Amino acid sequence: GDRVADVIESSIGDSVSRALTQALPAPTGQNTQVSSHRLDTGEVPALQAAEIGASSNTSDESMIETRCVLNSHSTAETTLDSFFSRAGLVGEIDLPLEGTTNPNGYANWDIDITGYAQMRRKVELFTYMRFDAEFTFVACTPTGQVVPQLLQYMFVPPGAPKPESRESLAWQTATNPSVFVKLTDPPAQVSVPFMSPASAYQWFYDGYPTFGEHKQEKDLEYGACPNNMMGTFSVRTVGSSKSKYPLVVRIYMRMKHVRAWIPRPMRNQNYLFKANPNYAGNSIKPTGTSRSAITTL
Amino acid sequence: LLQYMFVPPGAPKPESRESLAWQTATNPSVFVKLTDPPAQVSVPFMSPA
Amino acid sequence: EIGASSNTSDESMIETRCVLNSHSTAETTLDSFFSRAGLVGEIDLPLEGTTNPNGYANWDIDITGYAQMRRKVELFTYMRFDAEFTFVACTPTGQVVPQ
Amino acid sequence: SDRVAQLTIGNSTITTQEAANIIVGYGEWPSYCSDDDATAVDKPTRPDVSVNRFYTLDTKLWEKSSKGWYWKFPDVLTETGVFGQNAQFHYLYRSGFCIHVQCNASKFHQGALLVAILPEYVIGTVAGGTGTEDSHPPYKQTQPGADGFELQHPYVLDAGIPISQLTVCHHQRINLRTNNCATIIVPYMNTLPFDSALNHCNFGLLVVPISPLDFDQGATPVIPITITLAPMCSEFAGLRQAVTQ
Amino acid sequence: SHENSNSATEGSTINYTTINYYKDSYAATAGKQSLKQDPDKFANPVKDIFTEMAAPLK
Amino acid sequence: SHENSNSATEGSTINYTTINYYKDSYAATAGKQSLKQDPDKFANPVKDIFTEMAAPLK
Amino acid sequence: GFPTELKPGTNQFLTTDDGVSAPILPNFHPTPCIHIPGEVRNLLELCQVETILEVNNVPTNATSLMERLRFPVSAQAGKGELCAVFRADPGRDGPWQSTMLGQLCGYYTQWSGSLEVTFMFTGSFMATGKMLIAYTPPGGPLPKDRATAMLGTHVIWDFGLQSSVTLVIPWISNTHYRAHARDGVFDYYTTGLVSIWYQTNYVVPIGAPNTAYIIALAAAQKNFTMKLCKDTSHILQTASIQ
Amino acid sequence: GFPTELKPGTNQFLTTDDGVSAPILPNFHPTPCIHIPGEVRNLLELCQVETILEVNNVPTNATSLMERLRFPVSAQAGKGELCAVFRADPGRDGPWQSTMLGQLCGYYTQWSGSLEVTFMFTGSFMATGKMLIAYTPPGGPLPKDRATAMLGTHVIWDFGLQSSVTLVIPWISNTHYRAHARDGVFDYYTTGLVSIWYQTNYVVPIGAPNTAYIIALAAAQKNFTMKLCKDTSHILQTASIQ
Amino acid sequence: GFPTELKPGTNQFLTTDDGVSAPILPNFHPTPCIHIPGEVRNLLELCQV
Amino acid sequence: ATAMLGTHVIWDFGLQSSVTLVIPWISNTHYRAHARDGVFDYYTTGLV
Ligand SMILES: CCCCCCCCCCCCC/C=C/[C@H](O)[C@H](N)CO
Ligand SMILES: CCCCCCCCCCCCC/C=C/[C@H](O)[C@H](N)CO
């Protein structure tokens, strides 16, 4: 039991989060109210102190004579579902016959949705995002031709054996999930849960995963979060022999049940690499367009 | 296989088949085979007026 | 030497805090561990050769010919279940043909 | 009533007569880890006054040709006082912070600094300039400590992201004709309830001049910027030998 | 009716209305979210608030 | 409603919730099992149990 | 054999279709979610955030790209002279591209509501001055002088302890919503101009510097909404990523 | 002709899809089930079972493969010397591979909860001794001496009538769940080390043997769970079965 | 696997068929309609002109 | 850096031209005698 007064009157162990703000409903845009003229002293709503770090609480009712406007413009299309529940390209797998890419008939793809700029810049608006997903696989020939071929889409989680071939033993999918499809069918579409050991994925990780000295050898590890390495996507031509059709598998991901935290500045520079916020330092481009002078247009 | 992309005003139009606009991360799209029934989508009233 | 396992907890070995666990034991059940389709058989129907050159093939049902599903069932000595078999037919190359 | 402030935590006390206000980050004050959010079962040590107190790191000089500086948290306190021993002796760490930046100048001085908190401030590099080399930052740039590091390209924050949208995080301004202190209170921000203090840095602290310092010849040309920061609601768990990195 | 509550949003005070044909809740439709906002969390994150008509530096 | 109770689990006190479109119960979905456990059947299979704090060889 | 007829719209993948898909992992409960601060629920929480408006978007070289965040104000002859002028169009390629409003508007096709531009004076405590910040609604060409500009919506800003004024650019439009403008028939959706004029002068004592800078900060108001989500146009990627 | 539209996800065989299939034998009631003992309902009933941990996993020849189930303890100089050291990682390729926990964890991707290692002394009744069994949480390198190891979680075990102690390796982790570790960035999921040090000595009288062996037995605790079922990696099959 | 039989009239596009199609823009509320005069509700309003 | 680890005040000059550093009672003995160079440095109070 607690006897001394500094321990009885202590705020240690206050687990309850003390919040200043509260979320209120805003199904529509705020309505404008009627305003008249103001000719007094002391009350000066146009003057702010931006050094506070807050934003201006000035409205148009206090800057001009306004009318009543009953707004019925909905804020429903700015939600995170409506902004992210839109399938976009996150992956592309090529299965050729001759060449170097994948000449054996199988292809493993380390899952990362940071290889296509248009979906990456949408997620990197936040640093933490938690969601369930819906992946869709659009398979076709280079020319776009639909051909009579069977494939197997195996999810290889981390730790499970990756297939070293088409005739491999990992393809028996006794415990790993798999999808068999013909190219003549609609694209395969499966729903995936939130599968992180953490409470949210994170597109930016300011740190190293491992302890120890950090020399130039193990500097690749900077930024790598194992909580986002969700495993491997594998694909093959179901068969003991060589296929006759070249193939491409394109992967489209749609988020659902989205939560996000901590918005960030948006990428203005061209991406260069996967899971690396590097940029071209010689060819730094300004965020927008330029002028000849500041007094013109 | 084809891809029917709706490009609203302001969004980038594709300058080619290999273009970056086709990733349909935010624009709506429909993928269809010609062997399928014709694609059929419903559209709302989308005017600022 | 009793042959039992230790009934010692971490509350008795270290000074512990309260942890309100909400980690579910639902994925360790035998349904969730075995209700996952895996290869138990493969039948080849060639034209020339020795395997089955006549156009028919009989397969004595035993799911002990593929190591990845066998080692899952041989964790137990007795198992009672209803099943769901699925037959994925194709050419050697994986080509779907009108047959 | 709002330009004066006294910040007392521990055995430490800051006065300011020319303040703006206090920024409480994301409208959350720092707190302790609840039993629902917790997963580790060891009892954490909560040293109230020996680690939750104001620490003063160093002093950067605002010159005309300045570009900016960043500091990474909690790397700034991993070699300092009792905090940087509990953090080395333990494996897990949880804390908020009160950052407080000081820059004094006269009434005949002009300039502005953006003082901002950027979570998970991952550091990119110029990639050889051409963008072909997949270069990486060394350890003395991602965890630079209490000395901080000088921004090479502060327009993109050395991460390809514009400085102009950085007010979407926490921030204050130090406008020398209005204020000389900038006080931000940051909670613990991570996907996990605890994490390592030596491997992972939760956020960065940027100090960038948007408007450049100017004065006429005769005034005090040394205008220092001093970083002063206090942990809040600190917690440590998982005790073993002291390792530094 | 009886279903695994194993979506990514189970555990929040926001009320959804999804459609599902499976036992897993994460396979469901995304649905309509609640139209609640908290702009002061980013736009007015100050300890001691100020009103509009007043001069804040007081 | 009226259906052949001819699954492999009919005849146990564990309650399932399956979906079926046929008259045979074994065609149904697997469903959710009951989350009951008996570790002492393998981990403490002793005639005369012992408590934690006590020395067992007494 | 419940008889059905398959209708058109069959075996197509529409990316914005929200339906039920098949789950891969049955009886998977995810990791619980702890309380993380900074939870976003609507992007209009961020459009109401003040971010820096790059009015002086003249320099391009890397040596002088931080100069784009503040524009100068100096001593003049007292003739009501012009400091700066820019468009009030967020989606148009100009100063607003630097803002979080001007980048989240790329992902939406139609916007409505009032804006908010906050200018902060970053000069000496001893420097004084008065400025006229005029919003010129559409039709109005670029005003050639201050007399033509005070006929519009305007604020006269007196420098002082409160170093910041807010010009509210209010919703003065024919359409309920407004799309993105550009040179052509989409100038129908132009919002107007914003100009800054010297009212009196920038008066400074001896010993203080003769020049200062003003940092503009632009956001949106509580009546602001966006509509018809799309893909952004004013940022593009050179191909061959990684 | 009830009109329908077929959505994507059509005519695919997803192995982890639980639906209704067509029955081959109508009006088939199976054989009744008698009461068989040993009914399993959850694999966590078996993760809580003590199985032998192969600490001394040095020998490989068939002549000496039973030596892997017990490790020696002998007479020392009384300098706090080291007997054995091993990782507390079940999924990592090492001593825990011999356990039922370390083989059922191959079929799962993420684990959480406390472990349990039980060491039994298999010496003479007359032999005495005291040992320090230290669990070193992560970050901590291999302790070079006993002084560096007693700073961690530890048990001092006195041999006696009760020939067995239990070191509980408790859940001390940043993540709620923990995946399988290996040399690389998945060392982020390392659990720590476990070391055994001589506290006093192995004291033995004249006539008794100067050497004994200790058998380690490893299990899991009541807070242990696994998640995200997969296929096992640390056992593989040379092809051409039968 | 709810069993069904597909009947004839399948995978045809009948132009005067009024059914539900898939929407491209979820959570899209259109612009409100102001009172415009001259609203037609039936063409027999104009045959009487 | 070695001094901010103690009890300290940061004083900003302004209108209020005066700060007060309170040197608080941090002592082993309830009372404290006068110190000097020798064994009565046991009663030293510290530095400022
Ligand atoms: C046939 C089954 C296929 C199912 C495959 C689904 C894979 C599930 C992964 C979804 C989660 C992706 C999250 C990715 C995060 C980022 O890529 C990482 N932070 C890497 O930068
Ligand atoms: C078109 C109808 C095809 C239906 C064929 C289904 C066959 C039913 C058999 C399922 C039960 C398999 C149990 C097998 C057990 C082991 O193989 C034996 N102990 C042999 O080692």
# chains A, B, ... in the order shown; residues from 1 in each chain; ligands from 1
>>> residues_near_ligand(ligand="ligand 1", cutoff="9 Å", atoms="only C-alpha atoms and all ligand atoms", output="MDAnalysis selection string")
(chainID A and resid 90 110:115 131:136 152:157 176:180 188:196 201:205 223:235 253 274:276) or (chainID G and resid 24) or (chainID H and resid 14)
>>> residues_near_ligand(ligand="ligand 2", cutoff="9 Å", atoms="only C-alpha atoms and all ligand atoms", output="mmCIF file with N, CA and C atoms, in the first residue's frame")
data_model
loop_
_atom_site.group_PDB
_atom_site.id
_atom_site.type_symbol
_atom_site.label_atom_id
_atom_site.label_comp_id
_atom_site.auth_asym_id
_atom_site.auth_seq_id
_atom_site.Cartn_x
_atom_site.Cartn_y
_atom_site.Cartn_z
ATOM 1 N N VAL C 40 -3.089 -34.651 -52.772
ATOM 2 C CA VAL C 40 -3.104 -36.020 -52.272
ATOM 3 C C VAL C 40 -2.958 -37.044 -53.380
ATOM 4 N N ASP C 60 -5.681 -46.214 -56.514
ATOM 5 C CA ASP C 60 -6.013 -46.645 -55.164
ATOM 6 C C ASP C 60 -5.873 -45.477 -54.204
ATOM 7 N N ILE C 61 -6.973 -45.133 -53.545
ATOM 8 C CA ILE C 61 -7.040 -43.929 -52.731
ATOM 9 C C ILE C 61 -6.134 -44.102 -51.522
ATOM 10 N N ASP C 62 -5.067 -43.315 -51.480
ATOM 11 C CA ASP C 62 -4.280 -43.135 -50.276
ATOM 12 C C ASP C 62 -3.612 -41.777 -50.344
ATOM 13 N N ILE C 63 -3.789 -41.002 -49.283
ATOM 14 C CA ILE C 63 -3.292 -39.645 -49.217
ATOM 15 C C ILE C 63 -1.890 -39.591 -48.607
ATOM 16 N N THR C 64 -1.165 -40.710 -48.630
ATOM 17 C CA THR C 64 0.150 -40.835 -48.024
ATOM 18 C C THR C 64 1.269 -40.813 -49.059
ATOM 19 N N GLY C 65 0.995 -40.276 -50.241
ATOM 20 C CA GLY C 65 1.984 -40.189 -51.292
ATOM 21 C C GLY C 65 2.561 -38.810 -51.480
ATOM 22 N N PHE C 81 -13.174 -37.548 -40.199
ATOM 23 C CA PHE C 81 -13.505 -36.328 -40.919
ATOM 24 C C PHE C 81 -14.334 -36.629 -42.157
ATOM 25 N N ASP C 82 -15.125 -35.638 -42.542
ATOM 26 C CA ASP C 82 -15.655 -35.519 -43.888
ATOM 27 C C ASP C 82 -14.715 -34.659 -44.721
ATOM 28 N N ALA C 83 -14.750 -34.876 -46.030
ATOM 29 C CA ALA C 83 -13.766 -34.315 -46.941
ATOM 30 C C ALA C 83 -14.432 -33.640 -48.132
ATOM 31 N N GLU C 84 -13.601 -32.929 -48.891
ATOM 32 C CA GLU C 84 -13.994 -32.202 -50.092
ATOM 33 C C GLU C 84 -12.857 -32.338 -51.093
ATOM 34 N N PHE C 85 -13.050 -33.180 -52.100
ATOM 35 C CA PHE C 85 -12.051 -33.445 -53.122
ATOM 36 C C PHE C 85 -12.277 -32.531 -54.314
ATOM 37 N N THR C 86 -11.186 -32.139 -54.967
ATOM 38 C CA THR C 86 -11.210 -31.215 -56.086
ATOM 39 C C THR C 86 -10.207 -31.700 -57.118
ATOM 40 N N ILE H 24 -21.782 -36.933 -52.863
ATOM 41 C CA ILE H 24 -21.788 -38.077 -53.765
ATOM 42 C C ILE H 24 -22.700 -39.202 -53.299
#
>>> closest_residue(among="A:94, A:81, A:65, A:185", to="chain E", atoms="only C-alpha atoms")
A:81
>>> residues_around(residues="residue 25 in chain J", least_positions_apart="5", cutoff="10 Å", atoms="only C-alpha atoms", output="number ranges by chain")
J: 30-31, 45
>>> interface_residues(of="chain I", to="chain B", cutoff="7 Å", atoms="only C-alpha atoms", output="JSON, numbers by chain")
{"I": [11, 21, 22, 23, 24, 30, 31]}
>>> write_last_selection(atoms="C-alpha atoms", output="PDB file, in the first residue's frame")
ATOM      1  CA  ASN I  11     -25.342 -12.696 -72.037  1.00  0.00           C
ATOM      2  CA  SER I  21     -25.590  -1.874 -63.233  1.00  0.00           C
ATOM      3  CA  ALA I  22     -22.358  -1.453 -61.362  1.00  0.00           C
ATOM      4  CA  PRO I  23     -21.508   2.063 -60.128  1.00  0.00           C
ATOM      5  CA  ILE I  24     -18.161   3.623 -60.950  1.00  0.00           C
ATOM      6  CA  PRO I  30     -24.373  14.908 -57.053  1.00  0.00           C
ATOM      7  CA  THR I  31     -24.829  18.632 -57.213  1.00  0.00           C
TER       8      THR I  31
END
>>> residues_around(residues="residue 21 in chain F", least_positions_apart="3", cutoff="9 Å", atoms="only C-alpha atoms", output="PyMOL selection string")
(chain F and resi 24+27-28) or (chain H and resi 20-22) or (chain I and resi 1-3)
>>> write_last_selection(atoms="N, CA and C atoms", output="short mmCIF file (atom, residue, chain, number, x, y, z; two decimals), in the first residue's frame")
data_model
loop_
_atom_site.label_atom_id
_atom_site.label_comp_id
_atom_site.auth_asym_id
_atom_site.auth_seq_id
_atom_site.Cartn_x
_atom_site.Cartn_y
_atom_site.Cartn_z
N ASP F 24 -27.80 -33.50 -47.06
CA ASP F 24 -26.75 -34.16 -46.31
C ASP F 24 -25.97 -33.14 -45.51
N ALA F 27 -22.05 -32.15 -46.41
CA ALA F 27 -21.73 -31.24 -47.48
C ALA F 27 -21.59 -29.81 -47.00
N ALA F 28 -21.98 -29.54 -45.77
CA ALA F 28 -22.02 -28.21 -45.21
C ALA F 28 -20.62 -27.63 -45.10
N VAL H 20 -19.98 -24.96 -49.65
CA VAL H 20 -20.76 -26.17 -49.81
C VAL H 20 -20.40 -26.79 -51.15
N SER H 21 -20.13 -28.08 -51.13
CA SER H 21 -19.86 -28.87 -52.32
C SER H 21 -20.95 -29.92 -52.47
N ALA H 22 -20.96 -30.57 -53.61
CA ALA H 22 -22.04 -31.48 -53.91
C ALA H 22 -21.75 -32.85 -53.29
N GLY I 1 -21.97 -22.63 -52.87
CA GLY I 1 -22.35 -23.31 -54.12
C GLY I 1 -23.84 -23.50 -54.24
N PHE I 2 -24.58 -22.41 -54.11
CA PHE I 2 -26.02 -22.46 -54.27
C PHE I 2 -26.34 -22.84 -55.71
N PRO I 3 -26.94 -24.01 -55.98
CA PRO I 3 -27.04 -24.47 -57.37
C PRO I 3 -28.07 -23.68 -58.16
#
>>> closest_atom_pairs(of="chain C", to="chain A", cutoff="9 Å", atoms="only C-alpha atoms", output="JSON lines")
{"residue": "C:33", "atom": "CA", "partner": "A:175", "partner_atom": "CA", "distance": 7.5}
{"residue": "C:34", "atom": "CA", "partner": "A:175", "partner_atom": "CA", "distance": 7.7}
{"residue": "C:35", "atom": "CA", "partner": "A:175", "partner_atom": "CA", "distance": 8.7}
{"residue": "C:36", "atom": "CA", "partner": "A:175", "partner_atom": "CA", "distance": 5.8}
{"residue": "C:37", "atom": "CA", "partner": "A:174", "partner_atom": "CA", "distance": 5.7}
{"residue": "C:38", "atom": "CA", "partner": "A:174", "partner_atom": "CA", "distance": 3.8}
{"residue": "C:39", "atom": "CA", "partner": "A:172", "partner_atom": "CA", "distance": 5.1}
{"residue": "C:40", "atom": "CA", "partner": "A:172", "partner_atom": "CA", "distance": 8.5}
{"residue": "C:66", "atom": "CA", "partner": "A:172", "partner_atom": "CA", "distance": 8.1}
{"residue": "C:67", "atom": "CA", "partner": "A:169", "partner_atom": "CA", "distance": 8.6}
{"residue": "C:68", "atom": "CA", "partner": "A:174", "partner_atom": "CA", "distance": 6.1}
{"residue": "C:69", "atom": "CA", "partner": "A:174", "partner_atom": "CA", "distance": 5.6}
{"residue": "C:72", "atom": "CA", "partner": "A:174", "partner_atom": "CA", "distance": 8.6}
{"residue": "C:88", "atom": "CA", "partner": "A:180", "partner_atom": "CA", "distance": 8.4}
{"residue": "C:90", "atom": "CA", "partner": "A:150", "partner_atom": "CA", "distance": 7.4}
{"residue": "C:91", "atom": "CA", "partner": "A:239", "partner_atom": "CA", "distance": 7.0}
{"residue": "C:92", "atom": "CA", "partner": "A:239", "partner_atom": "CA", "distance": 4.7}
{"residue": "C:93", "atom": "CA", "partner": "A:239", "partner_atom": "CA", "distance": 4.8}
{"residue": "C:94", "atom": "CA", "partner": "A:239", "partner_atom": "CA", "distance": 4.7}
{"residue": "C:95", "atom": "CA", "partner": "A:149", "partner_atom": "CA", "distance": 4.6}
{"residue": "C:96", "atom": "CA", "partner": "A:148", "partner_atom": "CA", "distance": 5.1}
{"residue": "C:97", "atom": "CA", "partner": "A:148", "partner_atom": "CA", "distance": 7.3}
>>> closest_atom_pairs(of="chain H", to="chain G", cutoff="9 Å", atoms="only C-alpha atoms", output="JSON lines")
{"residue": "H:1", "atom": "CA", "partner": "G:4", "partner_atom": "CA", "distance": 4.0}
{"residue": "H:2", "atom": "CA", "partner": "G:4", "partner_atom": "CA", "distance": 4.3}
{"residue": "H:3", "atom": "CA", "partner": "G:5", "partner_atom": "CA", "distance": 4.7}
{"residue": "H:4", "atom": "CA", "partner": "G:6", "partner_atom": "CA", "distance": 4.9}
{"residue": "H:5", "atom": "CA", "partner": "G:10", "partner_atom": "CA", "distance": 5.0}
{"residue": "H:6", "atom": "CA", "partner": "G:10", "partner_atom": "CA", "distance": 5.0}
{"residue": "H:7", "atom": "CA", "partner": "G:11", "partner_atom": "CA", "distance": 5.6}
{"residue": "H:8", "atom": "CA", "partner": "G:11", "partner_atom": "CA", "distance": 6.0}
{"residue": "H:9", "atom": "CA", "partner": "G:21", "partner_atom": "CA", "distance": 6.9}
{"residue": "H:10", "atom": "CA", "partner": "G:11", "partner_atom": "CA", "distance": 7.9}
{"residue": "H:14", "atom": "CA", "partner": "G:24", "partner_atom": "CA", "distance": 7.4}
{"residue": "H:15", "atom": "CA", "partner": "G:24", "partner_atom": "CA", "distance": 8.0}
{"residue": "H:16", "atom": "CA", "partner": "G:24", "partner_atom": "CA", "distance": 5.5}
{"residue": "H:17", "atom": "CA", "partner": "G:24", "partner_atom": "CA", "distance": 6.7}
{"residue": "H:18", "atom": "CA", "partner": "G:26", "partner_atom": "CA", "distance": 8.1}
{"residue": "H:176", "atom": "CA", "partner": "G:31", "partner_atom": "CA", "distance": 7.1}
{"residue": "H:177", "atom": "CA", "partner": "G:31", "partner_atom": "CA", "distance": 7.5}
{"residue": "H:227", "atom": "CA", "partner": "G:28", "partner_atom": "CA", "distance": 7.3}
{"residue": "H:228", "atom": "CA", "partner": "G:28", "partner_atom": "CA", "distance": 6.7}
{"residue": "H:229", "atom": "CA", "partner": "G:25", "partner_atom": "CA", "distance": 8.0}
>>> write_last_selection(atoms="N, CA, C and O atoms", output="short mmCIF file (atom, residue, chain, number, x, y, z; two decimals), in the first residue's frame")
data_model
loop_
_atom_site.label_atom_id
_atom_site.label_comp_id
_atom_site.auth_asym_id
_atom_site.auth_seq_id
_atom_site.Cartn_x
_atom_site.Cartn_y
_atom_site.Cartn_z
N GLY H 1 -35.58 -16.72 -64.84
CA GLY H 1 -34.50 -15.84 -65.33
C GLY H 1 -34.20 -14.71 -64.38
O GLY H 1 -34.23 -13.55 -64.77
N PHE H 2 -33.94 -15.05 -63.13
CA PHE H 2 -33.57 -14.04 -62.15
C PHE H 2 -32.25 -13.42 -62.55
O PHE H 2 -31.23 -14.11 -62.56
N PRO H 3 -32.20 -12.13 -62.91
CA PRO H 3 -30.97 -11.59 -63.51
C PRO H 3 -29.86 -11.43 -62.48
O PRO H 3 -30.09 -11.00 -61.35
N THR H 4 -28.65 -11.77 -62.91
CA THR H 4 -27.46 -11.74 -62.08
C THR H 4 -26.30 -11.23 -62.92
O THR H 4 -26.35 -11.22 -64.15
N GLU H 5 -25.25 -10.81 -62.23
CA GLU H 5 -23.99 -10.42 -62.84
C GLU H 5 -22.90 -11.20 -62.13
O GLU H 5 -22.83 -11.18 -60.90
N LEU H 6 -22.08 -11.90 -62.90
CA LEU H 6 -20.97 -12.64 -62.33
C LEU H 6 -19.78 -11.72 -62.12
O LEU H 6 -19.31 -11.08 -63.06
N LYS H 7 -19.31 -11.68 -60.91
CA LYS H 7 -18.24 -10.80 -60.49
C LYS H 7 -16.91 -11.52 -60.56
O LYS H 7 -16.85 -12.75 -60.63
N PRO H 8 -15.80 -10.78 -60.56
CA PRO H 8 -14.49 -11.45 -60.57
C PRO H 8 -14.26 -12.22 -59.28
O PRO H 8 -14.84 -11.94 -58.23
N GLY H 9 -13.38 -13.20 -59.38
CA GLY H 9 -13.34 -14.27 -58.42
C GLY H 9 -14.17 -15.45 -58.82
O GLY H 9 -14.71 -16.15 -57.96
N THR H 10 -14.29 -15.68 -60.11
CA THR H 10 -15.26 -16.60 -60.70
C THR H 10 -14.51 -17.71 -61.41
O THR H 10 -13.63 -17.45 -62.23
N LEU H 14 -9.82 -21.58 -54.87
CA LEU H 14 -9.07 -21.14 -53.71
C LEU H 14 -9.11 -22.23 -52.65
O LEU H 14 -10.17 -22.57 -52.12
N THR H 15 -7.93 -22.76 -52.32
CA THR H 15 -7.82 -23.90 -51.43
C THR H 15 -8.36 -23.64 -50.03
O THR H 15 -8.85 -24.58 -49.40
N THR H 16 -8.26 -22.41 -49.53
CA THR H 16 -8.77 -22.07 -48.21
C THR H 16 -10.16 -21.46 -48.26
O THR H 16 -10.52 -20.67 -47.39
N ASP H 17 -10.96 -21.81 -49.27
CA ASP H 17 -12.35 -21.39 -49.33
C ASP H 17 -13.24 -22.47 -48.76
O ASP H 17 -13.17 -23.63 -49.19
N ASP H 18 -14.07 -22.09 -47.80
CA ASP H 18 -14.95 -23.00 -47.08
C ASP H 18 -16.37 -22.77 -47.57
O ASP H 18 -17.05 -21.84 -47.12
N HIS H 176 3.11 -7.17 -30.44
CA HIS H 176 2.19 -8.12 -29.83
C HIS H 176 2.46 -9.53 -30.29
O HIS H 176 2.30 -10.49 -29.52
N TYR H 177 2.86 -9.69 -31.54
CA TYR H 177 3.22 -10.96 -32.12
C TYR H 177 4.64 -10.89 -32.63
O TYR H 177 5.22 -9.82 -32.79
N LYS H 227 -0.42 -17.81 -35.01
CA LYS H 227 -1.26 -17.06 -35.94
C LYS H 227 -0.73 -17.22 -37.35
O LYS H 227 0.46 -17.46 -37.56
N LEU H 228 -1.64 -17.07 -38.31
CA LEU H 228 -1.33 -17.06 -39.74
C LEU H 228 -0.67 -18.37 -40.18
O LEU H 228 0.53 -18.45 -40.44
N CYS H 229 -1.50 -19.40 -40.21
CA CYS H 229 -1.08 -20.73 -40.62
C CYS H 229 -0.42 -20.73 -41.99
O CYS H 229 -0.85 -20.02 -42.90
#
>>> interface_residues(of="chain A", to="chain E", cutoff="8 Å", atoms="only C-alpha atoms", output="PyMOL selection string")
chain A and resi 20-27+42-45+47-49+53-55+57-58+75-76+79+81+85+130-132+191-194+256-259
>>> write_last_selection(atoms="C-alpha atoms", output="CSV table (one decimal), in the first residue's frame")
chain,number,residue,atom,x,y,z
A,20,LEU,CA,-8.1,18.1,-26.1
A,21,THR,CA,-10.3,17.7,-29.2
A,22,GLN,CA,-13.4,15.7,-29.9
A,23,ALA,CA,-14.7,14.4,-33.3
A,24,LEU,CA,-18.1,15.8,-34.2
A,25,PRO,CA,-20.3,14.9,-37.2
A,26,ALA,CA,-19.8,16.9,-40.4
A,27,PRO,CA,-22.0,15.2,-43.0
A,42,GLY,CA,-10.9,45.4,-29.5
A,43,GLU,CA,-12.6,42.6,-31.5
A,44,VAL,CA,-10.3,42.1,-34.5
A,45,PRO,CA,-10.8,38.6,-36.0
A,47,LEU,CA,-5.4,39.6,-37.1
A,48,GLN,CA,-3.8,36.3,-36.2
A,49,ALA,CA,-0.5,35.0,-34.7
A,53,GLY,CA,1.5,27.0,-35.0
A,54,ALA,CA,-2.3,26.9,-35.3
A,55,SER,CA,-4.4,27.8,-38.3
A,57,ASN,CA,-10.0,30.6,-37.0
A,58,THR,CA,-11.3,33.5,-39.2
A,75,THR,CA,-18.0,15.3,-47.1
A,76,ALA,CA,-18.5,11.6,-47.9
A,79,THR,CA,-13.2,9.7,-46.4
A,81,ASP,CA,-12.5,4.4,-47.8
A,85,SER,CA,-11.0,1.8,-51.9
A,130,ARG,CA,-4.1,-0.3,-41.2
A,131,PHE,CA,-6.4,-2.0,-43.6
A,132,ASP,CA,-7.8,-5.1,-45.1
A,191,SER,CA,-9.8,-10.6,-49.9
A,192,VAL,CA,-6.8,-10.4,-47.4
A,193,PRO,CA,-6.8,-9.3,-43.8
A,194,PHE,CA,-4.5,-7.1,-41.7
A,256,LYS,CA,-11.1,-1.6,-47.4
A,257,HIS,CA,-11.7,-0.9,-43.7
A,258,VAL,CA,-9.0,1.8,-43.7
A,259,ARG,CA,-7.5,3.6,-40.8
>>> atom_distance(atom1="CA of residue 279 in chain A", atom2="CA of residue 70 in chain G")
24.4 Å
>>> atom_distance(atom1="CA of residue 138 in chain A", atom2="CA of residue 250 in chain A")
5.2 Å
>>> residues_around(residues="residue 64 in chain D", least_positions_apart="3", cutoff="7 Å", atoms="only C-alpha atoms", output="PyMOL selection string")
chain D and resi 212-214
>>> write_last_selection(atoms="N, CA and C atoms", output="mmCIF file, in the first residue's frame")
data_model
loop_
_atom_site.group_PDB
_atom_site.id
_atom_site.type_symbol
_atom_site.label_atom_id
_atom_site.label_comp_id
_atom_site.auth_asym_id
_atom_site.auth_seq_id
_atom_site.Cartn_x
_atom_site.Cartn_y
_atom_site.Cartn_z
ATOM 1 N N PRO D 212 15.365 34.647 -43.981
ATOM 2 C CA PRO D 212 16.747 34.678 -43.512
ATOM 3 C C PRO D 212 17.009 35.777 -42.497
ATOM 4 N N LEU D 213 17.972 35.499 -41.625
ATOM 5 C CA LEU D 213 18.381 36.453 -40.611
ATOM 6 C C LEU D 213 19.087 37.636 -41.251
ATOM 7 N N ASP D 214 18.753 38.837 -40.784
ATOM 8 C CA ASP D 214 19.417 40.038 -41.260
ATOM 9 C C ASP D 214 19.528 41.034 -40.124
#
